[PDB]
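These notes concern the structure reproduced below.
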Protein chains: 2
Amino acid sequence: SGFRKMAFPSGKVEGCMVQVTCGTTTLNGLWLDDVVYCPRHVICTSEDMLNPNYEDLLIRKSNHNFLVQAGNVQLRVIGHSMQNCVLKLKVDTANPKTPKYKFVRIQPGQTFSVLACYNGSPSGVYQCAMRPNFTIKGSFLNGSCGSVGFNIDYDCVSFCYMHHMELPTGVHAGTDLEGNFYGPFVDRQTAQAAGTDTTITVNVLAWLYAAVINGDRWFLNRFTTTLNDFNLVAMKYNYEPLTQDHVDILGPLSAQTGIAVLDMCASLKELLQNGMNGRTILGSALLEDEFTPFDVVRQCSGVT
Amino acid sequence: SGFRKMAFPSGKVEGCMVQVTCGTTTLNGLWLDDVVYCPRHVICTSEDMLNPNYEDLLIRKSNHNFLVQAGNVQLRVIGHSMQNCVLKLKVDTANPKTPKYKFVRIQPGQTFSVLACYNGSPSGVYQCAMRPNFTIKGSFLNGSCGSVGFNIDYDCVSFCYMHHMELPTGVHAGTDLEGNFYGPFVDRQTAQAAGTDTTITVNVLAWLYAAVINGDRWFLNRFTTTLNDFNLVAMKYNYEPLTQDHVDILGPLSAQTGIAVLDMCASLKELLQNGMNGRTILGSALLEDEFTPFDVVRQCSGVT
Ligand SMILES: *C(=N)[C@H](C[C@@H]1CCNC1=O)NC(=O)[C@H](Cc1ccccc1)NC(=O)[C@@H](NC(=O)OC(C)(C)C)C(C)(C)C
Ligand SMILES: *C(=N)[C@H](C[C@@H]1CCNC1=O)NC(=O)[C@H](Cc1ccccc1)NC(=O)[C@@H](NC(=O)OC(C)(C)C)C(C)(C)C
């Protein structure tokens with residue numbers, strides 16, 4: 001038992017990280033087969049981002065303007081192209097540690113692991129959720145761009161995030177591996193900011209189910225609520241309205257525990273209105289919303 | 001910026017995990033050079049732990065009673081011995097992915113990463129602290145024993161924990177890699193339990209310094225306290241008394257931020273007495289005590 005914010009083992013992704021240098025800018029790239037993926041802003045100088053014409057900037061560059069270092073070894077760039085906000089550098093060597101992989105675009109509320117990298121080398125791993133405002137609560141410093149977010153299925157790495165920028169409140173925005181930013185954010189110097197960050201209701205309910213699986217049952221009550229009644233409370237306290245689709249994906253956890261989804265909603269509704277009596281659920285004095293229903297099943301049974 | 005509970009990249013340790021089977025018991029082992037380390041309880045049946053004489057149990061066994069599987073490959077056990085609560089199985093093949101490594105025993109309050117494993121295969125990674133009651137807040141299921149905890153220096157993996165058992169409150173106890181349990185716990189069926197879990201004061205102060213580095217400064221005040229005055233407040237709210245040694249190791253963070261340690265103690269003292277105004281520090285409504293002063297420096301600057 002016990003329940004922790006748990007990341008995927010990073011070894012498969014560690015073998016894909018390389019360093020990309022263009023001019024005086026150094027960041028990380030993702031080396032899969034004979035292609036290296038990295039943020040396109042690597043071609044900007046300190047004073048190119050004010051009004052960056054990425055097309056003109058890249059047209060001015062050639063292959064020898066891009067340096068790729070894999071550990072101690074220089075990889076020779078033999079081609080380059082741009083796809084949305086991602087630069088694609090063709091190299092003369094296929095990565096011998098290329099994993100089976102997919103490029104996926106996730107929905108808000110879904111989770112993934114981040115391998116934070118500097119100088120093309122792994123530094124740390126942590127678990128993130130794509131917030132409803134399309135930011136993530138990362139930990140990133142100078143040189144971290146090109147770090148990736150991912151999930152693992154069996155032996156297949158699903159890459160879903162590449163890091164580009166930090167917003168004024170210390171949260172972060174990036175793209176999928178096709179270069180399309182999550183949310184309305186862009187790799188330009190405009191007055192961008194994270195909006196209000198709503199609590200992911202279906203994730204909180206999943207975490208409450210995790211608590212029941214772990215023997216924490218004090219918050220359950222014998223009186224059911226309605227979806228409309230629960231949502232009335234959910235708009236206050238800044239929770240996402242619970243949809244029928246969200247009720248649906250909580251089904252497997254409801255069947256496993258014997259607690260009807262609307263009974264758990266009644267429990268959550270009571271917790272919001274009366275507050276937690278300085279009390280812990282899974283050892284936390286707060287409701288956690290960065291576990292999906294699939295995350296709970298994986299950690300509680302699927303890992304075995 | 002941003003600050004997250006961050007684990008070390010697990011790839012170096014993933015290559016050391018193997019599966020160990022004895023009788024009907026299957027768990028994980030750590031394969032370094034030509035030795036496999038695993039909990040000695042693997043030699044017990046379901047009804048041997050009531051009064052286990054591990055010496056007699058191991059004397060009855062031979063090499064062919066131990067099966068070690070590294071991925072798809074059986075490793076031949078050619079020797080066996082017991083050191084404290086750890087079994088050491090000599091195999092005929094040295095691990096080709098053996099990292100540079102050390103066996104270390106950590107102090108309470110220090111942190112490490114856990115690679116949770118099942119069937120000798122990595123499942124997830126998360127960050128733990130050795131609690132003052134000598135337990136860790138892990139996430140472990142059946143078959144997880146032999147999962148290890150570690151820190152990484154440069155290229156050297158410092159193994160500090162191997163998982164053995166779960167206590168009634170859903171926390172966990174284990175040994176160092178020499179087989180000596182942390183705390184008063186034993187691999188026997190006695191009425192063991194985690195005691196009161198004290199808050200690691202020096203870690204909370206370190207995290208407050210991390211908040212200042214990240215631009216969170218609202219909790220600072222211009223009035224200093226004394227160590228004795230702070231500790232009077234610290235015994236209430238169940239904080240560890242702050243020692244001069246703890247003040248010492250906060251020195252580098254105090255110099256970096258310009259905030260004297262006793263000024264941060266005054267800030268912490270005010271936070272405990274008046275509570276947090278539903279307010280967030282680093283986006284958390286609570287004080288976090290699972291980051292050491294070295295953890296803060298690593299995440300804020302050292303990773304670059
Ligand atoms: C990439 N290495 C770097 C990562 C950030 C450094 C500080 N924390 C981070 O997460 N990102 C940047 O430097 C980007 C520009 C860039 C560079 C290389 C590749 C891709 C993108 N710039 C910023 O994140 C920037 N934010 C910013 O301008 O925010 C606005 C647009 C004003 C809302 C700064 C954090 C550097 C101020
Ligand atoms: C190892 N695979 C297993 C891991 C635990 C299963 C449930 N969560 C876990 O962390 N540990 C055990 O099964 C141990 C015995 C053992 C087996 C193999 C190697 C080493 C040790 N037993 C327990 O953890 C046990 N706790 C227990 O008896 O607690 C007392 C001693 C009564 C306080 C159980 C969790 C299985 C009840």
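Letters A, B, ... go to the chains of the structure tokens in the order shown; residues in each chain start at 1; ligands are counted from 1 in the same order.
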- Task: Considering only C-alpha atoms, extract the chain B residues located within 10 Å of chain A and return them as a ChimeraX atom specification.
- Result: /B:1-15,113-119,121-128,137-144,152,166-172,214-215,282-286,298-304
- Message: Excluding range 202-213 of chain A and its own-chain neighbours fewer than 5 positions away, which residues fall within 6 Å of it when counting only C-alpha atoms? Please give them as number ranges by chain.
- Response: A: 246, 282, 288-289, 291-293, 296
Output file for the selection above: N, CA and C atoms, as a PDB file, in the first residue's frame:
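Saved as out.pdb:
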```
ATOM      1  N   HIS A 246     -16.632  11.953 -17.595  1.00  0.00           N
ATOM      2  CA  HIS A 246     -15.792  11.790 -16.413  1.00  0.00           C
ATOM      3  C   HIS A 246     -16.358  10.736 -15.470  1.00  0.00           C
ATOM      4  N   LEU A 282      -4.671   9.609   2.570  1.00  0.00           N
ATOM      5  CA  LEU A 282      -3.403   9.105   2.041  1.00  0.00           C
ATOM      6  C   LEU A 282      -2.215   9.902   2.577  1.00  0.00           C
ATOM      7  N   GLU A 288      -5.604  15.764  -3.955  1.00  0.00           N
ATOM      8  CA  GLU A 288      -4.651  15.774  -5.053  1.00  0.00           C
ATOM      9  C   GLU A 288      -5.372  15.519  -6.368  1.00  0.00           C
ATOM     10  N   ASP A 289      -5.016  16.292  -7.400  1.00  0.00           N
ATOM     11  CA  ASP A 289      -5.680  16.180  -8.694  1.00  0.00           C
ATOM     12  C   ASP A 289      -4.716  15.852  -9.831  1.00  0.00           C
ATOM     13  N   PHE A 291      -3.440  12.704 -10.428  1.00  0.00           N
ATOM     14  CA  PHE A 291      -3.520  11.283 -10.757  1.00  0.00           C
ATOM     15  C   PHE A 291      -4.778  11.048 -11.580  1.00  0.00           C
ATOM     16  N   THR A 292      -4.619  10.454 -12.761  1.00  0.00           N
ATOM     17  CA  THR A 292      -5.757  10.036 -13.566  1.00  0.00           C
ATOM     18  C   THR A 292      -6.332   8.723 -13.038  1.00  0.00           C
ATOM     19  N   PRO A 293      -7.555   8.366 -13.445  1.00  0.00           N
ATOM     20  CA  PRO A 293      -8.061   7.028 -13.092  1.00  0.00           C
ATOM     21  C   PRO A 293      -7.143   5.905 -13.545  1.00  0.00           C
ATOM     22  N   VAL A 296      -4.206   5.596 -11.088  1.00  0.00           N
ATOM     23  CA  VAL A 296      -4.527   4.915  -9.835  1.00  0.00           C
ATOM     24  C   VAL A 296      -4.486   3.403 -10.024  1.00  0.00           C
TER      25      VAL A 296
END
```
- Item | Filtered DSSP result for range 71-132 of chain B, state strand (DSSP E), as an MDAnalysis selection string | chainID B and resid 73:75 77:83 86:91 100:103 111:118 121:129
From the DSSP assignment of the backbone, select every residue of range 81-291 of chain B that is helix (DSSP H, G or I), and format the answer as a CSV table (one decimal) with C-alpha atoms, in the first residue's frame.
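Dumped to states-v5.csv:
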```
chain,number,residue,atom,x,y,z
B,201,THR,CA,12.6,21.3,10.5
B,202,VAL,CA,15.9,21.8,8.6
B,203,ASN,CA,14.2,20.5,5.5
B,204,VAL,CA,11.2,22.9,5.8
B,205,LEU,CA,13.6,25.8,6.2
B,206,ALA,CA,15.5,24.6,3.1
B,207,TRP,CA,12.2,24.5,1.2
B,208,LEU,CA,11.5,28.1,2.3
B,209,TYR,CA,14.8,29.1,0.9
B,210,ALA,CA,13.9,27.4,-2.3
B,211,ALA,CA,10.7,29.5,-2.3
B,212,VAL,CA,12.8,32.7,-1.9
B,213,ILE,CA,15.0,31.7,-4.8
B,227,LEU,CA,17.1,29.5,18.4
B,228,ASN,CA,15.5,28.9,21.9
B,229,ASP,CA,12.5,31.0,21.1
B,230,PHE,CA,12.0,29.2,17.8
B,231,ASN,CA,12.3,25.8,19.4
B,232,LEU,CA,9.7,26.7,22.0
B,233,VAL,CA,7.3,27.0,19.1
B,234,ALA,CA,8.8,24.0,17.3
B,235,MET,CA,8.0,21.5,20.0
B,236,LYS,CA,4.4,22.4,19.5
B,237,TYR,CA,3.2,21.6,16.0
B,238,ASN,CA,5.6,18.5,16.2
B,244,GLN,CA,23.3,24.3,15.7
B,245,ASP,CA,24.3,21.6,13.1
B,246,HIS,CA,21.1,22.2,11.3
B,247,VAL,CA,21.7,26.0,11.3
B,248,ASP,CA,25.2,25.3,9.9
B,249,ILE,CA,24.0,23.3,6.9
B,251,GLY,CA,24.5,28.4,5.7
B,252,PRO,CA,25.0,28.2,1.9
B,253,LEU,CA,21.4,28.9,1.2
B,254,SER,CA,21.4,31.8,3.7
B,255,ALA,CA,24.4,33.3,2.0
B,256,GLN,CA,22.9,32.8,-1.5
B,257,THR,CA,19.6,34.5,-0.6
B,261,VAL,CA,18.8,31.5,9.2
B,262,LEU,CA,17.3,33.0,12.3
B,263,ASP,CA,15.2,35.4,10.1
B,264,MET,CA,13.9,32.4,8.2
B,265,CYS,CA,13.2,30.7,11.6
B,266,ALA,CA,11.2,33.8,12.5
B,267,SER,CA,9.3,33.5,9.3
B,268,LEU,CA,8.6,29.8,9.9
B,269,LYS,CA,7.6,30.5,13.5
B,270,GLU,CA,5.0,33.1,12.3
B,271,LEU,CA,3.7,30.6,9.7
B,272,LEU,CA,3.2,27.9,12.3
B,273,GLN,CA,1.5,30.2,14.8
B,274,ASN,CA,-0.8,32.1,12.4
```
- Residues at most 12 Å from residue 183 in chain A, counting only C-alpha atoms, excluding those fewer than 2 positions away in the same chain, as a list in words?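 Once the nearby chain positions are removed, what remains is residues 105, 106, 107, 108, 130, 131, 132, 133, 134, 135, 136, 172, 173, 174, 175, 176, 180, 181, 185, 186, 192, 193, 194 and 195 of chain A.
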Selected residues, N, CA, C and O atoms, written as a JSON list (two decimals), in the first residue's frame, please.
```json
[["chain", "number", "residue", "atom", "x", "y", "z"],
["A", 105, "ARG", "N", -0.46, 13.49, -28.66],
["A", 105, "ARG", "CA", -0.90, 14.76, -28.09],
["A", 105, "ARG", "C", -1.94, 14.45, -27.02],
["A", 105, "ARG", "O", -2.95, 13.80, -27.31],
["A", 106, "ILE", "N", -1.67, 14.87, -25.79],
["A", 106, "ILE", "CA", -2.53, 14.53, -24.67],
["A", 106, "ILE", "C", -3.59, 15.60, -24.46],
["A", 106, "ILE", "O", -3.50, 16.70, -25.02],
["A", 107, "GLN", "N", -4.62, 15.27, -23.68],
["A", 107, "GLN", "CA", -5.70, 16.16, -23.27],
["A", 107, "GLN", "C", -5.38, 16.79, -21.92],
["A", 107, "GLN", "O", -4.60, 16.26, -21.13],
["A", 108, "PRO", "N", -5.98, 17.95, -21.62],
["A", 108, "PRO", "CA", -5.85, 18.50, -20.27],
["A", 108, "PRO", "C", -6.36, 17.52, -19.23],
["A", 108, "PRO", "O", -7.34, 16.80, -19.45],
["A", 130, "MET", "N", -1.05, 17.86, -17.40],
["A", 130, "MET", "CA", -1.40, 19.00, -18.24],
["A", 130, "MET", "C", -2.59, 19.71, -17.60],
["A", 130, "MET", "O", -3.68, 19.14, -17.52],
["A", 131, "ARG", "N", -2.37, 20.93, -17.12],
["A", 131, "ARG", "CA", -3.40, 21.64, -16.39],
["A", 131, "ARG", "C", -4.52, 22.07, -17.34],
["A", 131, "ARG", "O", -4.32, 22.15, -18.56],
["A", 132, "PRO", "N", -5.72, 22.33, -16.81],
["A", 132, "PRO", "CA", -6.80, 22.83, -17.67],
["A", 132, "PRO", "C", -6.48, 24.14, -18.37],
["A", 132, "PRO", "O", -7.10, 24.44, -19.39],
["A", 133, "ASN", "N", -5.53, 24.92, -17.86],
["A", 133, "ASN", "CA", -5.08, 26.13, -18.55],
["A", 133, "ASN", "C", -3.93, 25.85, -19.51],
["A", 133, "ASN", "O", -3.29, 26.79, -19.99],
["A", 134, "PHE", "N", -3.64, 24.57, -19.78],
["A", 134, "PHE", "CA", -2.65, 24.13, -20.76],
["A", 134, "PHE", "C", -1.23, 24.53, -20.39],
["A", 134, "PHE", "O", -0.38, 24.72, -21.27],
["A", 135, "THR", "N", -0.95, 24.64, -19.10],
["A", 135, "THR", "CA", 0.42, 24.75, -18.60],
["A", 135, "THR", "C", 0.74, 23.51, -17.78],
["A", 135, "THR", "O", -0.14, 22.71, -17.47],
["A", 136, "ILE", "N", 2.01, 23.34, -17.46],
["A", 136, "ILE", "CA", 2.43, 22.30, -16.53],
["A", 136, "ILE", "C", 3.24, 22.94, -15.41],
["A", 136, "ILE", "O", 3.90, 23.97, -15.61],
["A", 172, "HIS", "N", 4.94, 26.41, -16.89],
["A", 172, "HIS", "CA", 5.67, 26.17, -18.13],
["A", 172, "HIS", "C", 4.75, 25.75, -19.26],
["A", 172, "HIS", "O", 3.69, 25.16, -19.04],
["A", 173, "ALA", "N", 5.17, 26.08, -20.48],
["A", 173, "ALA", "CA", 4.42, 25.80, -21.69],
["A", 173, "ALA", "C", 5.34, 25.17, -22.72],
["A", 173, "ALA", "O", 6.54, 25.47, -22.78],
["A", 174, "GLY", "N", 4.77, 24.29, -23.54],
["A", 174, "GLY", "CA", 5.55, 23.63, -24.55],
["A", 174, "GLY", "C", 4.66, 23.04, -25.63],
["A", 174, "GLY", "O", 3.47, 23.34, -25.72],
["A", 175, "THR", "N", 5.27, 22.20, -26.45],
["A", 175, "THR", "CA", 4.62, 21.65, -27.63],
["A", 175, "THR", "C", 4.52, 20.13, -27.53],
["A", 175, "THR", "O", 5.19, 19.50, -26.70],
["A", 176, "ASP", "N", 3.69, 19.55, -28.38],
["A", 176, "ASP", "CA", 3.85, 18.13, -28.65],
["A", 176, "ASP", "C", 5.07, 17.94, -29.56],
["A", 176, "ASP", "O", 5.78, 18.90, -29.90],
["A", 180, "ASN", "N", 3.37, 21.61, -32.17],
["A", 180, "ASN", "CA", 2.18, 22.40, -31.89],
["A", 180, "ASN", "C", 2.09, 22.66, -30.39],
["A", 180, "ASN", "O", 2.04, 21.71, -29.59],
["A", 181, "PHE", "N", 2.07, 23.93, -30.01],
["A", 181, "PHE", "CA", 1.98, 24.29, -28.60],
["A", 181, "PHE", "C", 0.68, 23.79, -28.00],
["A", 181, "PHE", "O", -0.37, 23.77, -28.66],
["A", 185, "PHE", "N", -0.32, 29.38, -26.29],
["A", 185, "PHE", "CA", 1.02, 29.93, -26.10],
["A", 185, "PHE", "C", 1.85, 29.78, -27.37],
["A", 185, "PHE", "O", 1.61, 28.91, -28.20],
["A", 186, "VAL", "N", 2.81, 30.70, -27.53],
["A", 186, "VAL", "CA", 3.66, 30.78, -28.71],
["A", 186, "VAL", "C", 5.09, 31.08, -28.27],
["A", 186, "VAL", "O", 5.33, 31.63, -27.19],
["A", 192, "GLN", "N", 2.06, 36.78, -22.54],
["A", 192, "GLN", "CA", 1.37, 35.53, -22.24],
["A", 192, "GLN", "C", 1.42, 35.25, -20.74],
["A", 192, "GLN", "O", 2.38, 35.61, -20.05],
["A", 193, "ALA", "N", 0.38, 34.59, -20.26],
["A", 193, "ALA", "CA", 0.31, 34.21, -18.85],
["A", 193, "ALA", "C", -0.62, 33.02, -18.72],
["A", 193, "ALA", "O", -1.50, 32.81, -19.56],
["A", 194, "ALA", "N", -0.40, 32.23, -17.67],
["A", 194, "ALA", "CA", -1.33, 31.15, -17.36],
["A", 194, "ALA", "C", -2.61, 31.74, -16.79],
["A", 194, "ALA", "O", -2.58, 32.62, -15.92],
["A", 195, "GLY", "N", -3.75, 31.26, -17.28],
["A", 195, "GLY", "CA", -5.01, 31.67, -16.72],
["A", 195, "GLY", "C", -5.25, 31.00, -15.38],
["A", 195, "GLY", "O", -4.37, 30.38, -14.78]]
```
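With CA of residue 156 in chain A on one side and CA of residue 177 in chain A on the other, the separation reads 15.3 Å.
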- Message: Need the shell around residue 66 in chain A: protein/DNA/RNA residues with any atom at most 8 Å away, counting only C-alpha atoms. Skip same-chain ones fewer than 5 positions apart. Format as JSON, numbers by chain?
- Response: {"A": [20, 21, 22, 77]}
- Task: Find the residues near residue 57 in chain B: any atom within 12 Å, counting only C-alpha atoms, skip ones fewer than 2 places away on the same chain, and give them as a ChimeraX atom specification.
- Result: /B:22,40-45,48-49,51-55,59-62,65,81-82
Kindly save the residues from that selection, with C-alpha atoms included, as a JSON list (two decimals), in the first residue's frame.
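selection.json, written as the output of this step:
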```json
[["chain", "number", "residue", "atom", "x", "y", "z"],
["B", 22, "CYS", "CA", 13.11, -19.30, -4.01],
["B", 40, "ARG", "CA", 16.82, -12.89, 3.13],
["B", 41, "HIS", "CA", 13.10, -13.47, 3.80],
["B", 42, "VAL", "CA", 12.92, -14.90, 0.25],
["B", 43, "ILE", "CA", 13.93, -18.25, 1.78],
["B", 44, "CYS", "CA", 10.82, -18.32, 4.01],
["B", 45, "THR", "CA", 7.58, -20.07, 3.15],
["B", 48, "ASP", "CA", 8.25, -19.88, 8.22],
["B", 49, "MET", "CA", 8.11, -16.23, 9.39],
["B", 51, "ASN", "CA", 9.53, -17.97, 14.32],
["B", 52, "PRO", "CA", 12.11, -17.90, 11.51],
["B", 53, "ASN", "CA", 15.55, -19.33, 12.21],
["B", 54, "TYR", "CA", 17.18, -17.87, 9.11],
["B", 55, "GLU", "CA", 20.44, -19.71, 9.79],
["B", 59, "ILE", "CA", 21.73, -24.14, 5.81],
["B", 60, "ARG", "CA", 18.98, -26.40, 4.40],
["B", 61, "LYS", "CA", 19.20, -24.68, 1.00],
["B", 62, "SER", "CA", 21.66, -25.17, -1.86],
["B", 65, "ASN", "CA", 17.27, -23.66, -4.82],
["B", 81, "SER", "CA", 25.76, -16.32, 1.87],
["B", 82, "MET", "CA", 23.83, -14.13, 4.29]]
```
- CA of residue 98 in chain B to CA of residue 71 in chain A, straight-line distance in Å: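 About the pair CA of residue 71 in chain A and CA of residue 98 in chain B: they are 18.8 Å apart.
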